[PDB]
There are 2 protein chains.
Amino acid sequence: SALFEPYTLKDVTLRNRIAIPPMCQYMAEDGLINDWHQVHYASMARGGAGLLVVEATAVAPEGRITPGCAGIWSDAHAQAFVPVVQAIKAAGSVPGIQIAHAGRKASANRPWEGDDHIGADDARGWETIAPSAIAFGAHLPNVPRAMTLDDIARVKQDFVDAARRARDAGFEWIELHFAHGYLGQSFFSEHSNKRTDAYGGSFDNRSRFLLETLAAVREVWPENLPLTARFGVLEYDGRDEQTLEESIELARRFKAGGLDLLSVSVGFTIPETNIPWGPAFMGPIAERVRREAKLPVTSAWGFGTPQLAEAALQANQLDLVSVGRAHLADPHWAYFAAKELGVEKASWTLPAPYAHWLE
Amino acid sequence: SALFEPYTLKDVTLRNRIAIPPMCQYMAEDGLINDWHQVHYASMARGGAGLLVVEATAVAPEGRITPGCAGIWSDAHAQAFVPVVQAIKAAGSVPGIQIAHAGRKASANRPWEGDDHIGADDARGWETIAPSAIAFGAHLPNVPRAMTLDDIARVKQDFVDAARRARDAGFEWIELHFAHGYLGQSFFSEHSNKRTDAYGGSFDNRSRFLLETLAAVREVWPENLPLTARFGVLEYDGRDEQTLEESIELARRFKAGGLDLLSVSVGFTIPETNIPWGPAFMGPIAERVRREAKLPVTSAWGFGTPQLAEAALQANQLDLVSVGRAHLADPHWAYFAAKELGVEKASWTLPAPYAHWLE
Ligand SMILES: Cc1cc2nc3c(=O)[nH]c(=O)nc-3n(C[C@H](O)[C@H](O)[C@H](O)COP(=O)(O)O)c2cc1C
Ligand SMILES: Cc1cc2nc3c(=O)[nH]c(=O)nc-3n(C[C@H](O)[C@H](O)[C@H](O)COP(=O)(O)O)c2cc1C
Ligand SMILES: CCOC(=O)/C(=N\O)C(C)=O
Ligand SMILES: CCOC(=O)/C(=N\O)C(C)=O
Ligand SMILES: [Cl-]
């Protein structure tokens with residue numbers, strides 16, 4: 001089974017090709033994770049996945065999506081992650097973390113509490129920042145404040161500080177969240193970046209925030225640990241051909257800037273899109289990025305069955321398969337995939353107190 | 001769905017009829033549970049089961065099965081369970097514990113480390129006790145020491161002390177382990193009880209240790225919390241008709257002694273048996289116990305498919321369906337059952353951070 005071949009990137013070895021992608025839990029308070037996350041991540045790591053990327057973790061308070069999002073903007077926040085890192089490691093999985101800034105999509109309600117921007121009368125909300133003072137729209141109508149040059153310098157430092165905190169907490173894998181219409185993605189997209197200074201206008205200027213943030217993180221992130229990013233390479237906004245070509249060129253510059261692997265996703269920068277949802281629909285897009293940027297990739301959004309995950313590898317589209325919702329439904333999904341794929345001693349994807357009885 | 005009707009017993013209400021039966025994890029050290037159990041139990045409780053009965057927990061060190069078994073023979077041991085109790089309650093499940101004494105099956109290796117008796121001279125092994133100085137045989141050759149009347153008094157008091165500690169840790173449900181060939185079961189079975197004093201020989205005498213332990217525990221266990229027991233009602237030794245009839249009579253005396261529910265199982269007292277290798281063979285047996293002893297019952301051994309569990313409840317065979325190994329494979333099995341049975345808002349069998357996305 002290709003899905004259960006180990007994978008080595010820099011000096012880190014994943015025991016299989018199953019990655020749990022970042023998945024916000026909305027259960028933190030003031031950015032501080034707690035027993036919800038401890039059990040959530042430990043249980044999934046024991047389920048057998050080779051890599052567990054902890055949810056989008058805010059580099060700054062206003063970079064949270066919701067009042068329930070995790071943060072790593074202080075050392076106490078980072079210390080809260082230590083037992084999570086150690087629990088993922090004890091299960092034999094590799095602990096990773098996605099550090100993020102929600103940009104204009106910040107200051108929103110939890111998904112089951114409206115999923116929409118928090119109103120100005122609500123005391124829980126806050127002012128959002130973004131490259132330009134233009135709203136996402138739809139259920140996220142709050143217009144963000146346009147960032148100053150000092151904002152840009154401060155946020156980049158927040159990414160540096162968060163990467164250093166993630167490193168010191170013991171994460172062996174970091175993912176910069178440059179996707180899904182949050183801050184980084186919105187600097188790259190002309191839909192949301194209306195700037196005329198050095199951070200908007202041209203391709204170089206729109207790339208500048210992401211390339212500089214990557215460069216600043218690379219200076220503090222160890223060379224022997226994978227430095228990755230999630231990036232939306234197309235929007236399904238009717239401009240996919242040119243957007244994908246620009247996104248792949250940026251991925252080439254990420255590679256030259258020391259990025260080890262690209263988590264290929266959709267931009268979600270604006271609501272006015274037509275995303276063709278279907279099983280493994282990102283397959284050919286991830287493969288094109290993989291081949292044209294010559295960079296290892298993972299992807300998500302419909303690979304969450306054993307056969308689809310395996311086929312994505314057999315087809316040389318992905319190096320790692322990210323399986324998200326299936327792991328919320330079944331924290332031991334990796335074990336389920338091992339069985340479904342007829343892996344030898346499949347039950348031993350799990351720790352002995354389970355494996356012995358399921359063989 | 002009958003499986004997702006709530007169930008009320010004394011002052012406890014289970015949100016559904018799915019019980020997680022006790023399942024030894026063999027991960028404790030000197031009886032002390034740890035982060036293995038914390039995540040294991042909290043994750044399963046979040047999976048949606050209405051009742052989680054924590055594994056066989058030894059009332060005394062020599063009553064462990066293995067060096068990895070949990071114990072509750074001191075207040076420090078009981079304190080270790082408090083976070084487990086509270087995590088199970090926080091997920092909306094009801095915390096239970098099975099208190100146990102392995103009898104002549106004690107001092108054995110973990111199942112995946114040989115599963116056989118450890119010699120008492122071995123630093124990890126110890127001397128076993130039983131109603132009669134007769135070995136189980138096969139891979140459990142250690143001959144136990146026949147218990148004196150003072151031994152009987154000591155062990156019953158250990159059950160009492162353990163029930164008090166379980167109450168103080170916050171357990172809302174207790175199960176006496178009188179099954180599976182351990183101490184209590186072996187007092188009841190003529191195969192293992194060769195005593196001629198007041199605790200062997202007749203039906204009354206063989207029943208005495210179990211009835212006296214129940215009575216002693218009944219004194220300290222709160223009237224408003226279910227007092228339950230697990231008992232092997234037949235052995236598949238060719239004496240099943242006479243054995244089951246005596247077992248149903250003991251269930252009647254259990255009820256008269258204040259037992260609230262009986263977990264019906266197999267004896268496993270000796271190895272020379274022909275136990276059915278198949279699912280749900282206990283259904284009609286448990287139904288007979290339920291109807292002839294007029295006592296609520298649960299059972300296990302192969303009910304871990306949603307349709308089988310639903311069928312056992314529709315047939316009035318069980319009041320609760322115990323689903324064990326399926327929860328080792330999938331801690332969210334209760335959610336999987338909700339889906340398969342077409343329960344409305346099935347995803348909300350799970351907490352919101354999962355439920356919202358699985359709709
Ligand atoms: C509850 C939930 C939270 C998510 N949070 C994040 C996140 O914090 N960062 C991110 O990059 N993607 C996030 N995603 C997107 C997932 O990482 C993944 O791409 C998505 O679930 C699709 O993959 P799947 O079909 O296997 O579920 C989230 C998805 C879900 C369902
Ligand atoms: C790993 C494991 C540990 C078990 N430990 C106990 C136990 O401690 N006490 C008990 O009464 N039964 C124990 N059993 C028996 C189970 O509680 C249950 O009766 C058995 O798994 C049959 O149910 P199932 O078919 O749903 O798995 C254990 C079973 C397993 C698989
Ligand atoms: C619309 C896609 O955005 C995401 O997946 C996300 N984070 O990146 C969430 C849901 O928190
Ligand atoms: C074979 C029947 O015995 C059991 O089920 C058991 N405990 O009761 C264990 C720890 O396996
Ligand atoms: Cl000890």
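Both backbone and side-chain heavy atoms feed into the values below; hydrogens, waters and symmetry mates do not. Here is how names work: the chains are called A, B, and so on, in the same order as the sequence lines, proteins then strands, and each is numbered from 1.
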Taking 3.5 Å as the threshold, show me the donor-acceptor pairs across chain A and chain B, one per line with distances to 0.1 Å.
| residue | atom | partner | partner atom | Å |
| --- | --- | --- | --- | --- |
| A:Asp35 | O | B:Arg46 | NH2 | 3.1 |
| A:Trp36 | O | B:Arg46 | NH1 | 3.0 |
| A:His40 | ND1 | B:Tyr354 | OH | 2.5 |
| A:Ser43 | OG | B:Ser43 | OG | 2.7 |
| A:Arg46 | NH1 | B:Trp36 | O | 3.0 |
| A:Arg46 | NH2 | B:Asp35 | O | 3.0 |
| A:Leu328 | O | B:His332 | ND1 | 2.9 |
| A:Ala329 | O | B:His332 | ND1 | 3.1 |
| A:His332 | ND1 | B:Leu328 | O | 3.0 |
| A:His332 | ND1 | B:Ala329 | O | 3.1 |
| A:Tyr354 | OH | B:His40 | ND1 | 2.7 |

- Message: On a heavy-atom basis, which atom in A:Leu350 and which in B:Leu328 lie closest, and how many Å separate them?
- Response: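 For A:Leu350 and B:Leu328, the tightest heavy-atom pair comes out as CD1-O, 4.1 Å.
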
- Specify the closest pair of heavy atoms between A:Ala42 and B:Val39, including all atoms of both residues, with the distance to one decimal.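 Shortest heavy-atom separation between A:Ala42 and B:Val39 comes out as CB-CG2, 3.6 Å.
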
